[PDB]
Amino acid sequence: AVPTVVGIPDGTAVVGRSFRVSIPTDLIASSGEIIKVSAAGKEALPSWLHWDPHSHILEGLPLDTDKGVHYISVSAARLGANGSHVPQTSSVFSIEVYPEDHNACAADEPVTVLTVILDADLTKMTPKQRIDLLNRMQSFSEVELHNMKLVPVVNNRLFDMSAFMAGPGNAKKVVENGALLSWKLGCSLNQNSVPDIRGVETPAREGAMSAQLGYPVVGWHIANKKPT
């Protein structure tokens, strides 16, 4: 009757960036043991996380308000002939969510970012829905899921007056607060140095992009930002 304890390393996350980690369920559990993943001392996971029982994947997309350390408890329980879940083990680790940062361009060299304005509200979306949205943007951005940023609109600014390239989407009315899905194109680029973006601009205006993403597209723009 020698019980085994499993340690899980602490994780790190960044606001607006996808987060996904594999949980070693095989070590924590055995043939007939039920796995439970949630915030330590709670029945549910933090609002930004999602647990996939069959793939053993803890994933999510943190908002500015999820900044901080989150203690996640993974426990294994056995079913009693009575149907009652008997606590057997429990490993606990944390995930620190850093402020909108991004874990490159020469310091003084601004980043060329392509942004897509969407008529959506991240606070009204489950983490899974936030992940799926990013996933659906790959066909157009040609940038891996973990390399795209997705954050809410602030102070109702649905545009960047400093963009040197921009185009319209399919939406005529913006109903939700709005969301910004962006990604890096290069360093200190201009209209000529920028790659071919027709694959973004065309679908956006025609409605093919919104049809794939599942949300209306307000427009897109390309601008150079100051490093941080």
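All residue numbers are counted from 1 along the displayed sequence.
Where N155 is followed by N156 in the displayed chain, the model omits none of the deposited residues that would sit between the two. Taking the mean C-alpha B-factor of each stretch as recorded, 23 to 31 and 170 to 178 are not equal, and the higher mean is that of 23 to 31. Per-stretch averaging of Cα B factors for 2 to 10 and 219 to 227 places 2 to 10 on top. Ranking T123, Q129, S139, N82 by the C-alpha B-factor listed in the PDB entry places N82 at the top. Ranking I72, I117, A106, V97 by Cα temperature factor from the entry places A106 first. For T112, the recorded CA B-factor ranks within the middle third of the chain. Only modelled residues enter the ranking. In this PDB entry, the Cα temperature factor of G186 sits in the middle third of its chain's modelled residues. In this PDB entry, the Cα temperature factor of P53 sits in the top third of its chain's modelled residues, the highest group. Among the modelled residues of the chain, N147 sits in the middle third by CA temperature factor in this PDB entry.
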